[PDB]
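Let me begin by presenting the structure, written as structure tokens, before commenting on it.
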Amino acid sequence: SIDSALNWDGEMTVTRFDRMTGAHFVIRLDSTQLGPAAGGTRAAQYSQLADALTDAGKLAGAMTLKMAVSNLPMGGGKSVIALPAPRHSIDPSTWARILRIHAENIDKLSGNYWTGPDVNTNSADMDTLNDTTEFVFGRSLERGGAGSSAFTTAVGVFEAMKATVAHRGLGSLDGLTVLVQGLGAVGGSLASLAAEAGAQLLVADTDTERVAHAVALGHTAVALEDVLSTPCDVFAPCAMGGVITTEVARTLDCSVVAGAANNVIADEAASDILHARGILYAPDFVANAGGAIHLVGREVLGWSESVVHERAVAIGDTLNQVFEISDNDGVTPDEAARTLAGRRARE
Amino acid sequence: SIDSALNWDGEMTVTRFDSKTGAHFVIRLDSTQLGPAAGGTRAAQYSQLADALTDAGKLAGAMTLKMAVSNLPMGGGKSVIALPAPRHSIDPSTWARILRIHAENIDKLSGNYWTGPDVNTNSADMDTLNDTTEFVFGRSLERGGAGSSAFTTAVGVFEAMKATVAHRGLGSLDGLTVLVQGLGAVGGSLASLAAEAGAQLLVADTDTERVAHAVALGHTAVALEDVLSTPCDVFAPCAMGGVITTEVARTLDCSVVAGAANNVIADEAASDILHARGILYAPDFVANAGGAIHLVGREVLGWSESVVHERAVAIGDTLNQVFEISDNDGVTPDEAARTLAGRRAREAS
Ligand SMILES: NC(=O)c1ccc[n+]([C@@H]2O[C@H](COP(=O)([O-])OP(=O)(O)OC[C@H]3O[C@@H](n4cnc5c(N)ncnc54)[C@H](O)[C@@H]3O)[C@@H](O)[C@H]2O)c1
Ligand SMILES: NC(=O)c1ccc[n+]([C@@H]2O[C@H](COP(=O)([O-])OP(=O)(O)OC[C@H]3O[C@@H](n4cnc5c(N)ncnc54)[C@H](O)[C@@H]3O)[C@@H](O)[C@H]2O)c1
Ligand SMILES: O=C(O)CCc1ccccc1
Ligand SMILES: O=C(O)CCc1ccccc1
Ligand SMILES: [K+]
């Protein structure tokens, strides 16, 4: 929206347009209070510019809280690339140009912002980015990066998922029905984990091959259009965000909500509804923090692979504290989560 | 439209919104090819955000040219602070907050952008900015800044007028009728120099004591509303920019245009009209370079005041060259000058 686009209260907004490629660049820094901002680089096609600005803004926020509640020394920031065409259609030469300019933009910030991979960006691109700028996390192992953080991400979400399931009074994942939306990098990892832990897997993905294979493995396919209406014990949104609107909140058929996506909840009211409906949601910003722990832990703090792994598992604990507060003070988890980040940031 | 405002070719646009003050902040970086971008801080009230945006960019564009054509090792940028109320209604407190917030943004660019005083901004505000950021030009003298660029600006503008008038075929400024619009820091001083050169002065200004004053000095005042309908030899727009519209370009009654204002031309066609009507125009980005010359010259280049002076004066020289291009090439002075800025830029590499 316009509010969310023009009247954003973050510390800085950076924009740029390239006539050559017709692409627009957005870099939103929400907070640099606890450290330089850091956030991925999402590249995607938006209906309107304002949608691009909105997204960069909501994500940047999530980043800020995510870093604070996870005890990372950094601020929240985010970069959005409004593509002129679908990522897959972009030609190599353009992709590269676009990447080049983006990198130029980061370099201007001079360490006030550090990027990494997000939707449609990868370790190879980071490497590419790194040819112009230094403010990059997630470059491939060969270039000196910590590489991909999906796994750390998925591990975090699994631990989180387990913590949520226990709290809700469902016992263990054993014999529970888990619905995974989005079988990507993280999504697909998380399914392996849950399956292995005794859960029945219901899966959905825009990608048929993805789906086909999960089916191969003994999973159950869900038509994209039956997703939000499909009964489960747990709902794992691991695809795009803004998935839970006020209307979805009142109709979802589950007891738990735990996934990897950023910004799952569209409106504040939705979050109240789930709550009111006896649906235990684990805050996205807590749950999906394994990727940040990984990049920051490794690249910034120099943590080994194990520590990072162990810190990501500790995500479950954070949740337990979140759950304790929400339960004590009578707030939603979301709020409860917001409360603990604030306390950890020592605000 | 914002979208449209966003369809700009600058290297970078920085924006921020301050809930508390309700102030919007803009920083447009046109080019950092010759060096860090630099340009003043304009504080004003905008109708829309898209407006502030278009301005900062228009201005940022002018700066890139001014640096280049003036043989300055810098790029161009401009900050625009969109006010939530008129400058005068802003409480010293809010203003200080706004300044600080301003200063943080600048800080984020870490040297890629150097600022200075512009409209509604002064040495003092620069001193304050300086409390937070270090990339400020035009700080008080005692703060270590080079102070006020006004007088150098006027000298430069002055020198340009003379050369222009001369090329026109008006000979000297002696006996001519000069119409000075806006007698601020710059115009005030220009009137003064024009006066002693023998010119006759018509003056105009919203400030009535400034007008009262010029009147007492022999000068003839002019009604605001009659500013563009007054016949003169030279028109010196020393207040707001974009005063030259297509419609105004066609009815203007003078033989030369030479002022201090940025973005005099409100439109392309206007420059063609004047050119075709035989009204000789000294391109703004060329003639108003006196201030950048001073600031950079002293604060970056470490130049002597005397040297800065020769350079501000050398502005005529550059205009002679501009004219020449315009005359041989068959182009408006506007075009002849961007060209020159273009050449100097390349040779400068
Ligand atoms: N470290 C991470 O990788 C990480 C960290 C934090 C949060 N997140 C969030 O996780 C989400 C993506 O995770 P990822 O990197 O594994 O993704 P990815 O880009 O590999 O995931 C794409 C997956 O989503 C699927 N998908 C897209 N739209 C879908 C839809 N409507 N229904 C079903 N499947 C759909 C694709 O087909 C594919 O399987 C985003 O919101 C991202 O911001 C991920
Ligand atoms: N270094 C400089 O000072 C500098 C350098 C480059 C270009 N310029 C350009 O020169 C102009 C002069 O600004 P300045 O720094 O001398 O500021 P200033 O505030 O001292 O001068 C503006 C003056 O013009 C008057 N004015 C404003 N609106 C008017 C109107 N509608 N009609 C008539 N007069 C009006 C004001 O009363 C004031 O006295 C600006 O447009 C600026 O963009 C100045
Ligand atoms: O948390 C996310 O969704 C993205 C993680 C991240 C963290 C730091 C830099 C880039 C991406
Ligand atoms: O020429 C101008 O518009 C103003 C002079 C200036 C130069 C460098 C930085 C700020 C202002
Ligand atoms: K169970």
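Remember, it's 1-based here, ligands and their atoms both numbered in the order they're listed. Below, read A as the first sequence line, B as the second, and so on, with proteins coming before strands; counting in each chain starts at 1. Computation of the quantities below employed the complete heavy-atom set of this structure, encompassing side-chain atoms and omitting hydrogens, waters and symmetry-equivalent molecules.
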Heavy-atom side-chain contact between B:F151 and B:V186 under 4.5 Å: no
Under 4.0 Å to a heavy atom of B:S149 - the qualifying atoms of ligand 2, by number: 1 (N)
Distance-only polar pair, side chains of B:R311 and B:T152, donor-acceptor under 3.5 Å: no
4.5 Å side-chain heavy-atom contact, B:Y281 and B:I265: yes
Option set B:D205, B:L59, B:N263, criterion heavy-atom distance to atom 25 (C) of ligand 2, minimum: B:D205
Among B:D118, B:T206, B:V203, closest by any non-hydrogen atom to atom 26 (N) of ligand 2: B:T206
Geometric class of the B:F135/B:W114 ring pair [parallel <30°, tilted 30-60°, perpendicular >60°]: perpendicular
Proximal ligand 4 atoms for B:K66, defined as those under 4.0 Å from one of its heavy atoms: 1 (O), 2 (C), 3 (O)
Heavy-atom gap B:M63 to ligand 4 smaller than 4.0 Å: yes
Where the K ion (ligand 5) is the vertex, angle from A:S172 O to A:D174 O to 10°: 90°
Contact with ligand 4 for B:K78, non-hydrogen, under 4.0 angstrom: yes
Numbering as shown, the atoms of ligand 4 that approach B:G40 to under 4.0 Å (heavy-atom distance): 9 (C), 10 (C), 11 (C)
Closest to atom 3 (O) of ligand 2 (judged by heavy-atom distance), picking from B:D284, B:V186, B:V222: B:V186
Donor-acceptor side-chain pairing of B:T32 and B:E11 below 3.5 angstrom: yes
The K ion (ligand 5) contact by A:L170, N, O or S atom under 3.4 Å: yes
Under 3.5 Å: N/O of B:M240 near N/O of ligand 2: no
N or O contact, B:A239 vs ligand 2, cut-off under 3.5 Å: yes
Contacting atoms of ligand 4, where contact means under 4.0 angstrom from a heavy atom of B:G116: 10 (C)
Short side-chain donor-acceptor distance under 3.5 Å, A:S255 and A:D233: no
Any B:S149 heavy atom less than 4.0 Å to ligand 4: no
Exercise: do B:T41 and B:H102 side chains pair donor with acceptor under 3.5 Å: yes
Ligand 2-proximal atoms of B:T153, by part, heavy-atom distance under 4.0 Å: side chain
Ligand 2-proximal atoms of B:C238, by part, heavy-atom distance under 4.0 Å: backbone
Non-hydrogen atom of B:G241 closer than 4.0 Å to ligand 2: no
Under-4.0 Å heavy-atom contact with ligand 2, by part of B:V227 that carries it: neither
Pair B:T132-B:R100, side-chain donor/acceptor within less than 3.5 Å: no
Pair B:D267-B:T246, side-chain donor/acceptor within less than 3.5 Å: yes
N/O separation below 3.5 Å, B:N262 to ligand 4: yes
